[PDB]
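# Structural overview
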Amino acid sequence: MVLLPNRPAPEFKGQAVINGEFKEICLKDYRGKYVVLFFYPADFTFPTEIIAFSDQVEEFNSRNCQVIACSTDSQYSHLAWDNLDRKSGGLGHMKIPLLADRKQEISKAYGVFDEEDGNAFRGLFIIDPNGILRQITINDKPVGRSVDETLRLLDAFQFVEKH
Amino acid sequence: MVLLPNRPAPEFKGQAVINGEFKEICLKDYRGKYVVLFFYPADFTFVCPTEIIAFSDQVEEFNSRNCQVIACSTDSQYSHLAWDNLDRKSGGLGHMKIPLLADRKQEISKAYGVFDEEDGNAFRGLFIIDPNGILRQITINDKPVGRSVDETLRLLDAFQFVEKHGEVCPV
Amino acid sequence: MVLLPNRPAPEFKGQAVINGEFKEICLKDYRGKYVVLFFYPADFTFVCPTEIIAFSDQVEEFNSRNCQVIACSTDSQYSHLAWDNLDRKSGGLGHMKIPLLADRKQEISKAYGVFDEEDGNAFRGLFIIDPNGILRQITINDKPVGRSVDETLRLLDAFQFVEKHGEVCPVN
Amino acid sequence: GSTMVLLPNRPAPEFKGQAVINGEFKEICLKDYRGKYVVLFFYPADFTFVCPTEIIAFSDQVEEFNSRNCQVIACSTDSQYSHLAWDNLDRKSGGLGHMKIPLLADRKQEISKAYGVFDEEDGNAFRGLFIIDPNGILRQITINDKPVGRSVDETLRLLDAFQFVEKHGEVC
Amino acid sequence: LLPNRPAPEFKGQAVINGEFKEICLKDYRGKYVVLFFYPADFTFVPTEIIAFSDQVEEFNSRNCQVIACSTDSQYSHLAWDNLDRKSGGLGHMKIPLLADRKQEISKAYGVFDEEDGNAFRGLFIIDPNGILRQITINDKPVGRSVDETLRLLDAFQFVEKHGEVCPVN
Amino acid sequence: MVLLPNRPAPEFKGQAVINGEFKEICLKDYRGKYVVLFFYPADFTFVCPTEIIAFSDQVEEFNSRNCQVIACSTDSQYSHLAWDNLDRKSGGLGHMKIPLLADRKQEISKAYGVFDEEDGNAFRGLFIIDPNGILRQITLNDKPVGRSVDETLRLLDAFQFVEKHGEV
Amino acid sequence: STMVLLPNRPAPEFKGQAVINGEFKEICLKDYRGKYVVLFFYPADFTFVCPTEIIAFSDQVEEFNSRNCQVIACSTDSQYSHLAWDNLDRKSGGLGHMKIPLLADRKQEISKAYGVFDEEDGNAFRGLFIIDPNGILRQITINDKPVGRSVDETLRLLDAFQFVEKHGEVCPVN
Amino acid sequence: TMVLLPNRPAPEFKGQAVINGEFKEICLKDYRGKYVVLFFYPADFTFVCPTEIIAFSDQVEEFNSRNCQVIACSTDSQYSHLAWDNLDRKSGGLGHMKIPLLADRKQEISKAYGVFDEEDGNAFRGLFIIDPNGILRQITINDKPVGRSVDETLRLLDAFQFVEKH
Amino acid sequence: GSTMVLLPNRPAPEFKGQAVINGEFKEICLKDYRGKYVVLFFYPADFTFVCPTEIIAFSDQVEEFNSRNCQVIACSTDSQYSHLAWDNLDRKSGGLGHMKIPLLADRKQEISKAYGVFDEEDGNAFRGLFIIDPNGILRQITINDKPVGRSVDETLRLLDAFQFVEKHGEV
Amino acid sequence: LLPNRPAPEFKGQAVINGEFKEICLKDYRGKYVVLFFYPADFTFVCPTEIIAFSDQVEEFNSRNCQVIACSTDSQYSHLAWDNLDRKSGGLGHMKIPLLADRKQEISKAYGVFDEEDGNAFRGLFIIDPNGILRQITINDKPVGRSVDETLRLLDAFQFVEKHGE
Amino acid sequence: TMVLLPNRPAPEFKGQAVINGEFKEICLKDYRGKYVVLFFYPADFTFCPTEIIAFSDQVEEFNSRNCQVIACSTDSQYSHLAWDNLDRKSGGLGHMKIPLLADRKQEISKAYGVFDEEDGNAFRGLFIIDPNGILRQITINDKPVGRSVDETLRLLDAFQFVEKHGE
Amino acid sequence: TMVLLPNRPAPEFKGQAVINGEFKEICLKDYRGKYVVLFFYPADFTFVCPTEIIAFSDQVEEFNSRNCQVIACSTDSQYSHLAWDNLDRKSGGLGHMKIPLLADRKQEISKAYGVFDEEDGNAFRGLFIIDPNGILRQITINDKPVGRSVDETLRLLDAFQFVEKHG
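### Overview of the overall build of chain F
- Summing up its helical and strand segments, chain F has 4 helices and 7 strands in all.
- Each helix (α) and strand (β) of chain F, taken in turn from the N terminus, gives the series β-β-β-α-α-β-α-β-β-β-α.
- The C-alpha radius of gyration computed for chain F amounts to 15 Å, which stays within 12% of the reference 15 Å derived for 168 residues, consistent with globular compactness.
- For chain F, the proportion of its 168 residues judged to be buried stands at 65%.
- Considering only contacts in chain F between residues 6 or more positions apart, those separated by 24 or more positions represent 68%.
- Accessible surface computed for chain F: about 6,200 Å², of which carbon and sulfur atoms make up 51%.
- Where the 19 positive side-chain charges of chain F centre and where its 25 negative ones centre are 4 Å apart.

Dropping the structure here:
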């Protein structure tokens, strides 16, 4: 029921910026597509640091998936890290969605919140297009998160749903 | 009239014939598998001993296609047993290779709303299920009409492609 | 309720556009002809019509079987004109030989029980009606999945074959 | 009493639905305009307008609203996907083209029904314009038959008043 | 309430040239009616009500009768009318004043305001055939315009006569 | 629910006109005295200046007895004041010396069940309430007919003798 | 619900055996059409509360006759109880042989009709109802049980609906 | 039906009664340990020569030795119940009453004993015999034009205190 | 469980019980009194005069209350049966005599506990003084401990005062 | 209020000869105490006898007692009311202190406050030196408590106290 | 709970106030359709260099911007009539066009949460409510330190220009 | 305590602070002996002004002259401030700053004051004056879109000390 696969997964309401545009998205929105939602503690940290997957998002287009990052920082907090380029301490331009949960709520849905520092963990969540939870992945804050393995865990469930 | 695609496929369970003797089964056991269920008017009906036998010879592939077909009637169990062991030359199912779901209660033919009014029979419908237990298809024919496999198979092969690829162009 | 085949067919009343034109159409008005009704999703988006393009092309295959085809969605009545009017090149319907019935009221879709309250646009249904005012074969698909005109044509003649020849030993 | 004709007293209705913005997709519940003046208007069908006003009029006249802390919004029963291509249509052909206001419709029919502009005859809509203050209390109710149009100034008259009232009030 | 649907029958005392009669939506059949509601009688006047009065002539040419109604009565109405308007009052309206004690008129147009004994500001346009044309409703504090009403009169006229003419425009 | 002449009275909050000023009042305000509540059909009417005005003529007869009186009807909160500044020469209230209560929503009227469906203007009332806030006297006539102060006065002293003296 | 009755309606129609000049005779409202029916109530009979309030209308009856008015009194008592009471001399504390029509409410149709009945007690509150020629209701006087009533005010309520019904039936005087 | 039965709880009654020309608050259960004979009539002053009631009062002293008290009731006011009492036997009255005279306008007392009548508003002549447990035992309904024999209920109440005793 | 907060504004608590009147019984309760101002006084018990006794005094004083229209009502937690033996006694013995006001005995002590004037510590009661208008509302509350007595002439005064503010005016 | 258990403790500021000084009930221990109340200050309407407790106060002193008046009023409000002269006639002139609890505690301790108002009633409480509640009486808003009525009872208590039952 | 947040609606209040030397009941619904600023203090007759001595002057400066200035204490009604009706020279308020509102029941005091059961008093609070019945600003000061009148006007125009131009 | 009053002791707070592009550890208990102000904000990189939070850093002298410590806090991330910091005011930022930026991702502080919203992470813009004794002085509650007053902050602040010495 809570953080467990093959069962409903908590359906949130997101408020964020896509390609430099504030957009209102929710889990009922992206439904029908593979969703991967992985959180992070805060914006502007030092790992992947949410870089690879950005420009590697394309492989997920070949795989029919949505790549979404979330942080306790609000839209405004994400926007700034968006516009300011990499050379300046930014990410340059974003090839992927940056979802702001300021309300703190979507993280509490994922058991990903840390009372100590008051922000979400490196926990990632794989979803098929069923609104159903599939694979659970949660890494320590200080520890960076897998890329190719992300995509591989993906094809696997694809394999099984298919065969 | 209340049933739709976005509606989750109902529970049936009940009694059925498998691989010789009686083995009880559930729809929740078929999860992740693809499920086809069609309904036939009755056991030992004159019209023809054919189309039921049709979905029998395709099983091997359905199995390799990750999917399974079920024939359902309103007759009791001891009937399907009787009807099965009867050679095809004799107007019998001659050991059909698919699980045969006998619903006496009417609650299966009613559940899916294929149960007939004018008489106690059920219209010949077909329903298929995804890996998750949801209902992707609702089809129903006219009593004297039969059913083609190249339709079902075709439609199935498409349900596999949309779940993987989302929505892309044809072919 | 619970629409079954071999039943009276719900009388539908609505304004549709054929050859760009505007005529008030009913079920009574086609009586004695075989008639097929199929609901499709909202116009002017990415959609199924490997079916619809095919069905347009294959309209002949129906008349020869003495059948009328009708496309009924809940789209704005005027929408459909433009939707035909859009060239095949751009992925529009270009010009067609087949009636497009407006379900905009949506009585006709709650009629056939293909209407869904979720997105407001109706699921892909298929219906057939004999000369006598009777519903013959229901096919209901899912949005992402297409449809075979063949199986359709195949299902058709069978009905007529009874309405003419009766029953025979052989079936499919 | 509130389900027949909406009152200038109590709070105006709430609506969530898919909208078109600068030739892209958006999601708007009316709560993003919280603190700002809102203007809601309708139209029965897509690809048809009696007079170019009430639609392009406002859009072309949009800059005026921007300065008034006022945004305008286009409602109908046509699909999200429908406004899309209409938005893409030229003014040489009688299309929309560039659109400086949101076009938000509802396929669920729910909105125009809860605003009291809905009909069991057409199934589409009645052309008319409401107004919602910064707080989003109901302000103005306007309902007209389809062929008739709507004046941009008529809206722009009351507007200088409603804003005048909050900032000043009734001095005689 | 809808434009296309006809308006409901209204009957009762009226004030015309300081004289009491009964008016009927039928009484005016063939003449376009625009009836409107204000908050109450004796409500001080930028001369919204007396305005439309000044412009009464602008209506009749277009075959349109104007009537102001509230939940005040033929008694309150006649008085207010009697005053030179120099201080308070109205003066001669040049148009029928309508008074519904029962408030079933406003309840009949769904303008009636629960919290007070009053109805909102709204403008109702009815064709000769007794059918309604259009609907307007404002807030209390905001005024109105006689020219907006002239344009509106014309519209449901130009289409109802020369035709909607969708092409060009 | 029948309405009996002695029951704890209905709570009613209207808008009363006093000394050319609106002041919004309740029963608990007029608690501790006798209220005399009469209702007249409307303002700026045809006749009977005398009846309504009559009370304003002698206020002494009431107050002296620890009794306040009330003029109330279905009209405009404004129109009340209009009519009051108007004077007898022209048939106006000419500054009535008892507060003028305006029934707008119609909540107070039908509470005492004086409201009229057929017309919408109130059936002419008279009432007496003990200081304790409980009803004493209920009188109703047809719109044409008025009221005498000799009777309402006698009926005042008919309540003052009883609660002190009982019935001898 | 009956609630309270605004006096524009046709008055309640009363039917049952009554007491007239020391006998039993049955009557009703349809009997008196064209006259003025002044119909008042008192809670009980044989009581200690002042007869004078009652004999006031009794002995003053000589007003109403030439004034076209019939007076009537009714209570929760019986018709039999009624008789002997007026048979009492005022020295024993009685009525002093007072001649007026005496109605008794028993089936209680009379009382609920005028809304003057009481649920805890059963002893009618003091109501007063004036009835014009037409058999319609005009004025309603309901006092408290202890409270009395007099004619000076009564006959006054008469010469109004007489004057007003006679002329200026729209525009009155006082 | 909606019917009353004996050997069951007796309908509970309360109200003003006359005792020796007096107003007294009474209650049914206040009578426990004793037999309660309650009879009804149409009304007060409605009897031309009511021999029947005068009777009970004159032989009454027997009930007492028998631990029973009989009470006359009607729909007439506690005042209607007095004046007839204070009136001499000669012409209009019963004189001194050795039985209680109960008064209820509320009429619930009669509608409770189903002696109530929908025609004249006055109840019938009911007779209700009640043990010290307050249990209804005898039910006797009769006619206006007809009277009652005391020696009858006598037998009965002797038959009742017997059927209990053994 | 907190002390009764009861005050001279709301309607006074209800009492019902057998009263000893004239030497005979009666059943009295607050409902029975309308049209008359009630003085309800209490005390510890019967057969106790001590220093204070107003019991025989108030007897000879009925004329002062009856000219104001007031029914005075005796009360205690004693038994009517106690009250019956002290009524038929003579003053010469230290009795009471024929009483000009009713004598109430509340045995269950419910009325007592109703007025907050019931004492747990011992079974006796206190000496109460209460002014109840014909409307059932409570004008006056007084409570003296056992050793201290109550003014007649005072309460006589207490009437005119309340009764004044209900006639001429209060303000 | 169960006139047995020792009276409830009351506390706060009163008015002492043109100045505010804190006073506690335990401060009056050893001496009799009569503590009463009223709806408010600055009222011409209400009885003028409230001062007739202040005027004859020398009586109670030689009777070894102190009277204290309380209210739902304010320390400050009492202040001005004091200083008003009899010409006006709002408070006239009263020697007796004014004890004001802005908290409405004291009054509610006696439960003589009520919600229909937001103030207290006109109460009377006679207390023996020990602070033990003996006598309990509460007047309706309109009627005042008698000057003689108090003196009577107060003379009743010592008679038992010294001489016995 | 906690302190009161602005965005929400201003809690329903009523009570008897003093105007032109009369006791007139009021309500917020009565003053709706327009701005109102409610402020409180510890008590009446109190001499925070100047407050009501101020507000009997700059009321018109308020009025011009369309506002209803309203005072409330926890005092009695008559403590109000007294203070105002006494002349300034002896410590009264003269003629105060500002309605003096009283709390016997301290309902409005517990309503806005400015009241302290400690002192038996309520703090000087301040409240800005737009014509819609929405709350804007809250300034709660102590008995020693008061409020700025000229500031009041500024903060009033604050939310105006925000609500007009959003800017 | 539930409700927050002037007389009650100021609610305790710690956290991560921003001083000269670095990271500091402070809490109120350390500031005892001086006057301490607290204003909050909804978030970093807001709209309708660069300047509202600039006002106090440039006005640091103002609270220094009067011996008062000031602290800026938001629900935001300790880092968001670093970013929002090095961004220039011409760039929509500050770039030069004095008064510490206290981050609260616990929401312990905001909530405690009752300036932390329900519907969302954005907190109202509050104002809190703390005397040298850790006792509360006043509370000023503004909106997200509406700014605040510097000169209005000093007016209460000065007068607090005004009674402190002069009584």
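Once you've had a look at it, read on.
### As for the interface of chain C and chain D
- With 19 residues of chain C in contact, the opposing surface of chain D contributes 19 residues.
- Where chain C abuts chain D, roughly 1,400 Å² becomes buried across the two surfaces, and 50% of that area is made up of carbon and sulfur atoms.
- The salt bridge partner of D:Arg107 is C:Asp75, with a shortest N-O separation of 3.3 Å.
- Taken together, chain C and chain D are joined by 8 residue pairs in polar contact.
- A total of 3 residues in the side of chain C that touches chain D trace back to one element, the largest contributor, which is helix α3 (residues 77-85) of chain C.
- Of the residues contributing to the side of chain C that touches chain D, the split by class is 4 nonpolar, 7 polar and 8 charged.

### Here's the deal with the pairing of strand β6 (residues 127-131) of chain G
Residues and elements named next belong to chain G.
- Of all 5 residues in β6, 5 are buried, a share of seventy percent or more.
- Alternating residues of β6 divide into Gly 127, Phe 129 and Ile 131 and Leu 128 and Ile 130, and every residue in both groups is buried.
- Note that strand β3 (residues 37-41) and β6 share 4 bridges and pair antiparallel. Within β6, the residue paired with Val 37 across the bridge is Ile 131.
- When β6 meets strand β7 (residues 137-142), the two strands line up antiparallel, connected through 4 bridges. Bridge pairing in β7 places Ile 131 opposite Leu 137.
- From the end of β6 to the start of β7, which pair antiparallel, there are 5 residues, and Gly 135 there has a positive phi angle of about 80°.

### Things to note about the pattern of salt bridges
- Applying the stated criterion across every chain yields a total of 140 salt bridges over all chains.
- When the shortest N-O distance is used, the salt bridge between B:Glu51 and B:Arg124 registers 2.9 Å. One end of the pair, B:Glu51, is in helix α1 (residues 51-54); the other, B:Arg124, is in the loop between α4 (107-111) and β5 (125-129), with 73 residues separating them in the sequence. As far as burial versus exposure is concerned, B:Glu51 and B:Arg124 are alike and both buried.
- Between C:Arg65 and C:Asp157 there is a salt bridge; the shortest N-O distance is 2.6 Å. One end of the pair, C:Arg65, is in the loop between α2 (59-63) and β5 (67-73); the other, C:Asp157, is in helix α5 (residues 149-164), and 92 residues separate them in sequence.
- Salt bridges sharing common partners tie together D:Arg10, E:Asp113, E:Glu115, E:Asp116 and E:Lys140.

### Focus: helix α3 (residues 80-88) of chain D
- Along α3(D), the residues classified as buried are D:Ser82, D:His83, D:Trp86 and D:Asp87. Looking straight down α3(D), one finds that the buried residues subtend no more than 135° of arc, so they occupy a single side.
- Tucked into the core, α3(D) has its buried residues touching α3 of chain C together with β1 (17-20) and β5 (103-104) of chain D.

### Focus on the sheet that holds strand β5 (residues 98-100) of chain A
Residue and element names in this part refer to chain A.
- Taken together, 7 strands build an open sheet; the order of strands is β2-β1-β5-β4-β3-β8-β9 and the sheet is mixed. Only two strands of the sheet have a single neighbouring strand rather than two, namely β2 (22-26) and β9 (133-137). On average, each strand axis in the sheet is inclined to that of its neighbour by 30°, with strand direction left out of account.
- Alignment of strand β1 (residues 13-17) against β2, held across 5 bridges, turns out to be antiparallel. Across the sheet, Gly 14 pairs through a bridge with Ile 25, a residue of β2.

### Re the UniProt feature "active site" (unreviewed entry) in chain H
Residues and elements named next belong to chain H.
- According to UniProt, the "active site" (unreviewed entry) feature falls on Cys 49.
- Mapped onto the secondary structure, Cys 49 falls in the loop between β4 (35-40) and α1 (51-59).
- Given a relative accessible area of 64%, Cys 49 falls into the exposed group.

### With respect to unusual backbone geometry
Residues and elements named next belong to chain L.
- Phi at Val 48 is positive, roughly 70°, even though this residue is not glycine.
- For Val 48, the location among the structural elements is in the loop between β3 (35-41) and α1 (54-58).
- One non-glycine residue with positive phi stands out, namely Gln 107, at about 65°.
- You can see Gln 107 is positioned in the loop between β5 (101-103) and α4 (108-113).
- Its relative accessible area of 8% is what places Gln 107 among the buried residues.

### Quick notes on the state of the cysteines
- Applying the stated criterion across every chain, the model contains 0 disulfides over all chains.
- Here A:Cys70 is not cross-linked by a disulfide; its sulfur's nearest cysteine counterpart is in A:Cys26, at 12 Å.
- When its relative accessible area of 1% is taken as the criterion, A:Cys70 is described as buried.
- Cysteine G:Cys28 is unpaired, with the sulfur of G:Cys74 as its nearest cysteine sulfur at 14 Å.

Reading guide: rules and limits
Residues numbered from 1 in each chain as written, not as in the entry; some residues may be left out. Chains lettered and ligands numbered in written order. Part of a larger assembly, values for the part shown. Heavy atoms only, no water. Helix = DSSP H or I, 4+ residues; strand = E, 2+ residues; numbered from the N terminus. Rg over C-alpha atoms; globule rule 2.2 N^0.38 Å. Buried < 20%, exposed > 50% of the residue type's maximum accessible area, 1.4 Å probe, protein only. Contact = heavy atoms within 4.5 Å. Areas by Shrake-Rupley, 256 points an atom, 1.4 Å probe, with all protein chains shown as cover. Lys, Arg positive; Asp, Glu negative; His and termini not counted. Charge placed at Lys NZ, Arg CZ, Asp CG, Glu CD. Buried area = accessible area lost by both parts, 1.4 Å probe. Salt bridge = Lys/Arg side-chain N within 4 Å of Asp/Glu carboxyl O. Polar contact = N/O pair within 3.5 Å; in protein donor to acceptor, adjacent residues only side chain to side chain. Nonpolar A, V, L, I, M, F, W, Y, C, P; charged D, E, K, R; others polar. Pairing = 2+ DSSP bridges. Arc of directions from axis to C-beta. Axes fitted to C-alpha atoms, helices over the stretch in contact; angles between N-to-C directions. UniProt positions renumbered as here; feature names shortened; annotations may be inferred. Disulfide = S-S within 2.5 Å.

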